[PDB]
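In: so I pulled this structure from the PDB, and the sequence comes with it:
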Amino acid sequence: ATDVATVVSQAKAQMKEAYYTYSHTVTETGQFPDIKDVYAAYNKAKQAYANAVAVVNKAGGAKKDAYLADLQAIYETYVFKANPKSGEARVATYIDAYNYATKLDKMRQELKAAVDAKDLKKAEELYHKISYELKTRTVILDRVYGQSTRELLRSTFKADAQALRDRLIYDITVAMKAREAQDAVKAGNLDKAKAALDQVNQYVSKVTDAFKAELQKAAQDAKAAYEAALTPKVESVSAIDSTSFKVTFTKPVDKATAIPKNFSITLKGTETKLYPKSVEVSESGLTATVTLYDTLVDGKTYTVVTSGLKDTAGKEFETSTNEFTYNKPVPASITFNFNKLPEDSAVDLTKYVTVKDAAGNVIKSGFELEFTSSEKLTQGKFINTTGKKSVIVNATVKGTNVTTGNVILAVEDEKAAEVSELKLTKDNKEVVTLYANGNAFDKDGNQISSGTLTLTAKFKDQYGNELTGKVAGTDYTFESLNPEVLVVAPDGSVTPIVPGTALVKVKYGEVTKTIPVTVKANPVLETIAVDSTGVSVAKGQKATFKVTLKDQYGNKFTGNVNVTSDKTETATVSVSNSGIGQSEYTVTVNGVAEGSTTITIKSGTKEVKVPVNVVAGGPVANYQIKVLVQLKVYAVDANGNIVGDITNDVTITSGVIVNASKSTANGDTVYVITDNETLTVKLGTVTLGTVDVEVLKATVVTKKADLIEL
């Protein structure tokens, strides 16, 4: 008992005993031991060792160093050793591995809780936490002596934690890159955005049903911002004739920048410069005519350098180089487009001939026209057809003998020939969605109250020009084929009555067009959705769940909601904004007396019932720091129940990156994180935990719970 030899024997035996606690269990039963039993046997061994060392030193002699080196050998193998090689520190490493393995299972279950609630922010955070665990902290699992023990940890705990992670690869990839693409365009780096969108595009097809809706919007939103915020570009240059060329832009150009100074033209492969005389821009701003002093040479290519141009309201163009090749066309035939001409003081005869090459292709420009007429010519191209029945016009191509000959043309006053457009409009916006109540939604889904709902028609005359100055309800009229469904006034005014489909028709005398207009059923309450599956709160505390109301399509339906508890003795309940107002409410439940009840969310005809069970929670056992940027410190009992709140009393400390200050609204206190690292949450002199910030986004550090470093 007292004799050293006995102390050493038993210490040796007890140190191995602690290792047998786990290893014999796994081998013989295929089950893990109680972790309490392992900890007990572990702490008993550490004491047994320490007592033995003390006893051996007390006795001394030659047997001292033999006993000491032997005891240490067992201890460093079976029990504990800092930085152990495989086979050493057996119990200590198993404790670390079992604690890590169960933590992975808890993390796997927390991730699945978010995947079911369709929460994407919480799922991504938990994905990133466990991706680190599965790849970096897997080293803990590798330290375990016992192949059976190592495998049973993997199978029981890691396998399902790995499998859930790997089926979520694509969902997070898309959510990451779409955020990165949105962040690139804000920083003004377009090369990152296109690389990110390419990666988004290839992986959206593979995402799970868990976030498919929210991810699809996220993907398209990243595309939409990229299209809008993209550099304006000179598309092409192309010749018009021997002295002018057309330039097309991707975006509408600023008139002030479209000036000769900014256009530099050279003969390609030479230093022969051609100076511009003028720049004329189209009314849209997508094309421009650049005219030159010098004559382009038939067959030759030309280099157009474009500096210092600008977008309409927007930003600068890329200094671009674009080429064009001048090719003098060869006219062969010429023809009047109609047997008739409009009535007008000045009829531009050039607009009424078509020129062709011998192949039969139209020649849009390049040539010059000479005219003779029965009528007097102004600027060699305009004639006066007013009051006339017919005219003779002879069109020749200047240098050529290509001629129409004398052609007799009827004069015909402009009349409606075709209905160029017919659409339902409100406040000059084209409407896509219309309800029988009256509300009209545009191409995206943004309804307008200003402007009255009418029909809009434009018409083209027999010469294919738009008819101007024409009044709805006078020159042309609108009517309905289904008056019970939809009512149309002569001018086009619409007042719909019942959902369905009505055929609407316009007429300018004999010219007509018929368009169908579908009127959708009035928005009605379909679904009352609840944020929380079941509410568990401490007696004398509050809990919040969000109530969202839906219509039959899947949009925000505005409505009144009254909420009631079964028993005010066990739980009392209240709703935000008196129950009136919005489509999206938050509901507060207060604990009164331990037990169970159910809550009733009522709206008009439909209802959803939510379980509420209040607990009389125990004393303060822990303090949680939560991120909800805003920040809170919760007092929490043994069960995880939030009982008490000490965001107040607590202090936060650490060129300084972040501003931090105490902030109170009504009574609820919150700490706020601003900008110009790691912060330290303290209560008195005690440190409660650390928070890591990044340059905006913050997460609370989880403490090192390992028995071995690295």
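Out: That came through fine. Numbers count the residues shown, from 1 in each chain.

In: who touches stretch 24-35?
Out: If you take C-beta atoms under 8 Å, 6 or more residues apart in numbering as the criterion, stretch 24-35 is touched by 21, 22, 95, 98, 99, 146, 148, 149, 152, 156. In short, each C-beta sits where N, CA and C put it, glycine included.

In: in that stretch, what's buried?
Out: With burial defined by 16 or more other C-beta atoms under 10 Å, the residues of stretch 24-35 counted as buried are 25, 26, 32, 33.

In: let's have those residues in CSV, adding secondary structure and distance to residue 7.
Out: Shown next, in CSV, are the buried residues of stretch 24-35 (DSSP: H, G, I helix; E, B strand; the rest coil; distance: C-beta to C-beta, whole Å):
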residue, secondary structure, distance to residue 7
25, helix, 28
26, helix, 30
32, coil, 32
33, coil, 27
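
In: take these and lay them out in TSV including distance to residue 338.
Out: Formatted as TSV, those follow (distance: C-beta to C-beta, whole Å):
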residue	distance to residue 338
25	100
26	97
32	94
33	99
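
In: nearest to residue 582, of the contacts of stretch 24-35?
Out: If you rank these by distance to residue 582 using C-beta to C-beta, residue 99 comes first, at 46.1 Å.

In: ok, now which ones touch that closest one?
Out: 35, 705.

In: how near is it to residue 162?
Out: Using C-beta to C-beta, to the nearest Å, we find residue 99 at a distance of 18 Å from residue 162.

In: and residue 259, by the same measure?
Out: 65 Å.

In: next up, the contacts around the residue nearest to the spatial centre of the chain.
Out: For the chain, the residue nearest the mean C-alpha position is residue 218 (2.3 Å; C-alpha atoms, centre = their mean). Contacts for residue 218 (C-beta under 8 Å, 6+ apart) come out as 174, 175, 178, 179.

In: right, and residue 355 touches residue 336 too?
Out: No. Taking contacts as C-beta atoms under 8 Å, residue 355 lies outside contact range of residue 336: 11.2 Å.

In: what is the end-to-end distance of stretch 645-655?
Out: Taking C-alpha to C-alpha, to the nearest Å, the first and last residues of stretch 645-655 lie 32 Å apart.

In: give the buried residues for that stretch.
Out: 645, 647, 650, 652.

In: quick one, what contacts the last one?
Out: If I follow you right, that is residue 652. Applying C-beta under 8 Å, 6+ apart to residue 652 gives the contacts 631, 660, 671, 679, 680, 681, 682.

In: which ones among these lie within strands?
Out: 631, 660, 671, 679, 680, 681, 682 (DSSP state E).

In: please pick the buried ones from the residues you listed.
Out: By neighbour count, with 16+ other C-beta under 10 Å, these hold 631, 660, 671, 679, 681 as buried.

In: and the two most separated of the residues you listed?
Out: So, those by C-beta to C-beta: farthest apart are 660 and 681, at 10.3 Å.

In: among the contacts of stretch 24-35, which ones are buried?
Out: Among the contacts of stretch 24-35, the ones that count as buried by 16+ other C-beta under 10 Å are 21, 22, 95, 98, 146, 149, 152.

In: closest to residue 39 among the residues you listed?
Out: Out of these, the member with the shortest distance to residue 39 (by C-beta to C-beta) is residue 95, at 6.9 Å.

In: immediately after the helix or strand hosting the closest one, which helix or strand?
Out: Secondary structure from DSSP states H and E places residue 95 in helix 90-116. Next in sequence after helix 90-116, counting helices and strands by DSSP H and E, comes helix 120-135.

In: could you pull out the buried residues of that following helix?
Out: Those would be 120, 123, 124, 125, 126, 127, 130, 133, 134, for helix 120-135 by 16+ other C-beta under 10 Å.

In: so what's the last one up against?
Out: With contact taken as C-beta under 8 Å, 6+ apart, residue 134 is in contact with 104, 158, 161, 162, 165.

In: can you get me a residue count around the residue nearest to residue 436 when sequence neighbours are not counted?
Out: Among residues not flanking residue 436 along the chain, residue 499 sits closest, at 5.0 Å (C-beta to C-beta, 6 or more residues apart in numbering). By other C-beta atoms under 10 Å, 16 other residues sit near residue 499.

In: does the closest residue to residue 167 other than its chain neighbours belong to a helix, a strand or coil?
Out: Spatial nearest neighbour of residue 167, excluding adjacent residues (C-beta to C-beta, 6+ apart): residue 208 at 6.5 Å. Using DSSP: H, G, I helix; E, B strand; the rest coil, the structure places residue 208 in coil.

In: so what's the residue count around residue 208?
Out: Residue 208 has 13 neighbours, counted by other C-beta under 10 Å.

In: show me what contacts it?
Out: By C-beta under 8 Å, 6+ apart, the residues touching residue 208 are 167, 168, 170, 171.

In: for the contacts of residue 652, give me CSV that also has distance to residue 696.
Out: Compiled in CSV, the contacts of residue 652 are given as follows (distance: C-beta to C-beta, whole Å):
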residue, distance to residue 696
631, 14
660, 14
671, 16
679, 14
680, 19
681, 19
682, 23
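
In: quick one on the thing from earlier: which ones among the contacts of residue 134 lie within helices?
Out: Mapping these onto helices (DSSP state H) picks out 104, 161, 162, 165.

In: between the residues you listed, which sits nearest residue 366?
Out: Distance to residue 366 across those (C-beta to C-beta) is lowest for residue 165, with 66.6 Å.

In: my read: the closest one touches residue 131, true?
Out: Yes. Judged on C-beta under 8 Å, residue 165 makes contact with residue 131 at a distance of 6.4 Å.

In: how about residue 125, nearest residue that isn't a chain neighbour?
Out: Nearest non-adjacent residue to residue 125, counting by C-beta to C-beta, 6+ apart: residue 699, 7.3 Å away.

In: quick one: buried residues of the helix or strand encompassing that neighbour?
Out: For residue 699, the element it lies in under DSSP H and E is strand 697-700. The neighbour-count check on strand 697-700 (16+ other C-beta under 10 Å) flags residue 700 as buried.

In: before we move on, what about stretch 474-488?
Out: For stretch 474-488, a neighbour-count test (16+ other C-beta under 10 Å) marks 476, 477, 478, 479, 480, 482, 485, 486, 488 as buried.

In: same thing with stretch 653-673?
Out: Buried residues in stretch 653-673, defined by neighbour count with 16+ other C-beta under 10 Å: 658, 660, 669, 670, 671, 673.

In: you'd agree residue 392 is in a strand?
Out: Yes. Counting by three-state DSSP, residue 392 is part of a strand.
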